[PDB]
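Okay, so here's the structure we're looking at.
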Amino acid sequence: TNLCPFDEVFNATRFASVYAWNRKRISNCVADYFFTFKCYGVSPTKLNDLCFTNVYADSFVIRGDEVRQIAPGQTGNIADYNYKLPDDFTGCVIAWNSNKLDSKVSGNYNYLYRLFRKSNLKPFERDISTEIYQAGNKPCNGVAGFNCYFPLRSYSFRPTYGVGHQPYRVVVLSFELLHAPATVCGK
Amino acid sequence: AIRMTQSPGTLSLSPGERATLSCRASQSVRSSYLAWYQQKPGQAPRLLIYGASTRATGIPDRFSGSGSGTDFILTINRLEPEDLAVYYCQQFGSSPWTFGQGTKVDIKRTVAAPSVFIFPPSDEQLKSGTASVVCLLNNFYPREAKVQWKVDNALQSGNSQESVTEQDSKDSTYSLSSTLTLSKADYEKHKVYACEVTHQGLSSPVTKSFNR
Amino acid sequence: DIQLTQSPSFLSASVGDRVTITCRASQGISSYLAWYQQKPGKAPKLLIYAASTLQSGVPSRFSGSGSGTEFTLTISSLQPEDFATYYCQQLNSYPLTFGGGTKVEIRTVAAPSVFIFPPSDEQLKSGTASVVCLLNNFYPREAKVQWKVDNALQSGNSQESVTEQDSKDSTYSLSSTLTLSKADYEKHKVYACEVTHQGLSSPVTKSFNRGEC
Amino acid sequence: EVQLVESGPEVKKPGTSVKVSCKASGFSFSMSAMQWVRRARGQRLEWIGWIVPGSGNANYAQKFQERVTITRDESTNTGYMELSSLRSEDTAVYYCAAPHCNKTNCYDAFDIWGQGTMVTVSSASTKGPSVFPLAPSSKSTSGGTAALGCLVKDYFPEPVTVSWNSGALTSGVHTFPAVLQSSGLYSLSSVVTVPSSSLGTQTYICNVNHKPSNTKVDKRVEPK
Amino acid sequence: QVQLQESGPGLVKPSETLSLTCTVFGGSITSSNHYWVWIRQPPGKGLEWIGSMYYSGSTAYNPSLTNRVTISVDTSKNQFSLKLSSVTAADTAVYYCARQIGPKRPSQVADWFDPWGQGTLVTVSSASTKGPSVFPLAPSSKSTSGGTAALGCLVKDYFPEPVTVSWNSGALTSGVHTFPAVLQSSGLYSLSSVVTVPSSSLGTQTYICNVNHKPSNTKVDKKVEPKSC
């Protein structure tokens with residue numbers, strides 16, 4: 001009668017950067033299924049009545065103006081280059097303002113995001129590569145120069161920023177139902 | 001800081017001849033980060049060659065780039081009259097992205113003596129208490145010309161200013177304007193005002209003068 | 001750490017003069033600079049922020065300008081009340097740092113009024129005698145006070161104190177205290193302080209006789 | 001049209017600040033790096049600094065490190081270059097350059113150039129010119145042709161525009177570049193050569209326009 | 001109009017802990033766009049930033065003050081406090097509380113200070129506290145017929161700084177000069193406060209100097225009359 005480890009995901013003291021978003025695989029357990037809460041392809045009042053093959057718990061941090069991108073069929077720097085959800089996504093997205101946890105007076109430059117990438121991310125793709133991005137014709141060869149920039153930047157979360165620039169911790173729960181046996185049942 | 005030195009400072013060539021411009025850096029720069037530009041009179045610079053030897057879009061094939069390390073070359077195989085401009089090289093792989101002093105390309109032509117004209121000050125100006133006497137040297141080549149002012153056979157120095165037009169797009173000549181500035185009081189004390197012109201196209205210096 | 005260097009350290013200008021103070025940052029901080037005015041005994045008062053934006057409620061004769069590494073504060077017409085120490089502050093990087101300050105002095109030469117005060121009978125009851133000499137409302141700041149006790153020049157037993165520049169006439173005041181024992185005070189008779197100053201064509205001596213009304 | 005359009009001419013008192021604009025059109029501006037270069041009248045190009053695409057990360061030459069700030073606004077598609085503590089030696093034409101880009105790919109060099117912004121630093125106020133005739137005479141004729149002109153004198157700042165007969169006369173015109181007089185004001189002359197026999201039956205008017213002072217003058221040059 | 005009223009002891013023995021409090025008036029301390037800061041000024045020296053704080057807890061301290069600085073906020077009392085531990089004589093300074101405006105956007109010009117507390121002098125010393133003795137500085141009997149005379153009060157042998165002097169309960173300020181205290185060889189401070197008044201008023205107008213020395217709970221009102229012979 002194992003209980004699903006949701007406490008470890010929502011109540012984690014430190015969250016991952018959006019470009020290196022974390023995923024917790026949850027299986028073979030019983031779950032008791034100012035917050036941004038949007039579900040897609042499935043109703044929340046029905047999750048306690050459904051069993052799934054696997055439930056994937058994706059967690060990361062973005063800024064407030066970027067939470068609208070964590071959704072199916074969305075475009076933008078976060079959706080295309082950091083964390084993409086498929087068009088037929090079945091699950092829920094949860095976000096809450098974490099300005100009291102992830103913002104420092106001198107600036108919390110620890111949280112990063114990808115700015116440049118040659119192509120768009122596939123659904124659920126995680127790219128932690130930090131190779132010098134070639135924006136021109138000449139080969140960069142790991143040289144930060146003209147048309148050769150570093151692909152990651154910092155959020156620099158400060159408490160004096162506006163809500164659109166304040167940190168938001170995001171937890172994306174994917175509900176998978178392939179073949180296999182259904183082990184994650186709500187109760 | 002990388003120093004870029006271009007030579008020669010000025011190149012005067014007949015149309016159809018081949019031009020050859022030098023760009024040299026105080027240290028080796030990567031060939032992909034050396035660019036050549038062309039700036040025509042009254043225009044912004046235009047990218048000609050980048051990556052040492054890659055012609056930019058729209059640049060005619062008679063422009064050619066070459067070189068590596070510390071010695072780069074721009075070659076204009078058949079010079080056209082429209083190719084008159086200042087040509088700059090720039091390295092932009094190591095900050096600061098320094099420029100060269102540029103090479104000015106004139107269109108060759110034969111020696112042409114100037115036409116000298118003098119203009120006394122107008123009465124409207126003399127009412128203002130000042131007097132400007134103007135000497136005009138029209139349609140000459142080469143650009144080197146000496147203009148000397150004489151007031152009652154007294155050589156003037158330090159009270160005249162000169163100006164030269166850009167090279168003419170049709171006949172490739174220059175024109176110069178020298179202005180002698182005197183007070184109305186000083187101007188009324190004298191009689192013979194003359195500008196003496198020395199130039200390669202003249203057998204001996206030419207003097208244009210008037211009597212007040 | 002961003003260091004701010006303020007030049008000059010001191011300056012003295014006349015009323016109506018145009019004053020210019022420079023603040024040079026060790027690195028370029030764009031327009032992240034503010035100016036403060038601190039009058040004696042008061043907290044600093046914000047004058048300019050963002051290098052050139054005047055604070056609501058500051059006279060228009062104040063103005064700031066500059067960008068990058070060098071910034072200037074300008075007082076177009078210096079007034080007597082503008083006597084203060086002015087500080088610049090960088091507002092771009094932590095830790096927040098200030099410049100060293102520029103003390104701005106103010107006018108025509110003004111001779112001092114001199115007064116001498118005997119030790120009160122209440123203090124003589126305590127065993128110590130203090131003799132105070134007052135130099136009132138003078139400019140410039142430099143003044144010389146000699147203590148003579150029976151025409152014997154004193155040294156080593158007097159301390160001085162000078163007020164900050166007055167915010168209305170731009171003058172200074174000085175007090176010199178001669179400290180003696182009650183026994184030593186009663187041994188001599190004539191007490192005098194002799195004052196010399198730019199505004200005095202000859203020394204001024206205010207004196208009293210111990211005991212004599 | 002792939003374009004880079006800078007702001008208009010400026011006159012700035014010594015010690016003030018100028019902020020030159022550089023708006024883009026045609027290409028993806030957010031993907032595009034931008035460098036700033038200036039050129040003083042009759043000198044060589046001088047590199048000021050450059051900024052990387054996407055972020056505000058700028059890099060400057062040591063000469064302009066203290067007082068030049070290069071910024072960019074992604075929403076309005078415009079880059080800026082602010083030069084504080086202006087002095088006489090800063091008078092120059094300031095250019096911005098950028099490689100053209102689409103959404104993903106960029107050129108390998110700076111091929112897009114702005115038209116340039118002329119900034120002049122001086123302590124003197126604006127002043128309109130005086131237009132004096134350069135009348136033709138026996139001392140200004142040669143071989144059937146005569147020369148005449150206009151003396152555009154004592155103005156500030158640059159520039160002035162001169163045409164002849166409302167633009168009907170272009171052949172043989174020479175408008176010389178202005179010289180900076182010791183008074184701090186500029187002075188220019190424009191001349192034209194015409195056949196001598198036309199002097200009596202043809203009128204010649206030089207059209208002088210000094211936009212900074214809103215001074216338009218049409219001066220007729222009659223024979224002397 | 002936001003006001004800041006600071007308070008706390010002006011005397012702290014060496015190795016003890018300095019403690020000061022600032023009370024915000026005309027506005028709540030739970031400001032979402034301001035920091036609450038402390039700044040100190042050693043006597044005769046410049047300004048040094050100590051630290052800044054957001055109401056919800058986050059702090060930024062000056063790395064030049066090691067780990068002996070703590071700022072705290074009491075939202076329920078509209079107060080924020082400063083605690084500086086293991087103080088030395090190098091900590092003797094006038095301490096100010098102030099309000100710092102914070103940025104609302106990335107790379108927005110902020111971080112200036114407005115308004116400020118009035119300033120509290122804290123003297124690091126072991127020496128014990130002593131209140132002053134107030135002696136009159138009587139106007140000279142000679143004086144003039146109808147000119148101007150001078151009188152004052154001698155505030156002697158007190159520690160630590162400061163004392164405050166007013167005249168006639170604040171009704172006399174024109175012509176008043178209260179001199180900076182001098183540290184006597186005895187280790188105790190001393191100062192005088194003087195005022196110039198017309199000579200004709202000496203018999204008809206009373207003059208009292210009001211001497212306050214908070215560290216010793218001392219309040220002395222001293223009348224200054226012309227001396228009788």
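Here, A, B, ... name the chains of the structure tokens in the order displayed, residue numbers run from 1 inside each chain, and ligands are numbered from 1 in the same displayed order.
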Which residues are close to stretch 148-158 of chain C, i.e. within 12 Å by only C-alpha atoms, leaving aside same-chain residues fewer than 2 positions away? Reply as a ChimeraX atom specification.
/C:129-133,145-146,160-161,175-181,184-195,205-210 /E:182-185
As JSON, numbers by chain, please: every residue in stretch 6-189 of chain B that DSSP puts in strand (DSSP E).
{"B": [6, 7, 10, 11, 12, 13, 19, 20, 21, 22, 23, 24, 25, 34, 35, 36, 37, 38, 39, 46, 47, 48, 49, 50, 54, 55, 63, 64, 65, 66, 67, 68, 71, 72, 73, 74, 75, 76, 85, 86, 87, 88, 89, 90, 91, 103, 104, 105, 106, 107, 115, 116, 117, 118, 119, 130, 131, 132, 133, 134, 135, 136, 137, 138, 139, 140, 145, 146, 147, 148, 149, 150, 151, 154, 155, 156, 160, 161, 162, 163, 164, 174, 175, 176, 177, 178, 179, 180, 181, 182, 183]}
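Interface residues of chain C facing chain D, defined by any atom at most 6 Å away and using only C-alpha atoms, are residues 28, 66, 67, 68 and 69 of chain C.
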Tell me as a ChimeraX atom specification which residues belonging to chain B come within 7 Å of chain D, counting only C-alpha atoms.
/B:44-47,50,96-99,101-102,117-119,122,125,163-165
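All residues of protein, DNA or RNA that reach within 7 Å of stretch 20-27 of chain B, judged by only C-alpha atoms and not counting those fewer than 3 positions away in the chain, are residues 2, 3, 4, 5, 6, 7, 70, 71, 72, 73, 74, 75, 76 and 89 of chain B.
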Filtering to C-alpha atoms, could you give me those residues as a compact mmCIF listing (two decimals), in the first residue's frame?
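Written file, result.txt:
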# COMPACT_ATOMS: atom_id res chain seq x y z
CA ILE B 2 44.86 44.98 -33.00
CA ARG B 3 46.14 47.73 -35.29
CA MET B 4 45.00 47.73 -38.92
CA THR B 5 47.15 49.62 -41.44
CA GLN B 6 46.00 50.16 -45.03
CA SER B 7 48.22 51.27 -47.90
CA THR B 70 48.42 39.50 -41.17
CA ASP B 71 48.34 40.48 -44.87
CA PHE B 72 45.02 40.78 -46.72
CA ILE B 73 44.40 42.07 -50.24
CA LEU B 74 41.48 43.66 -52.07
CA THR B 75 41.71 43.48 -55.87
CA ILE B 76 39.51 45.30 -58.40
CA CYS B 89 39.07 46.87 -43.90
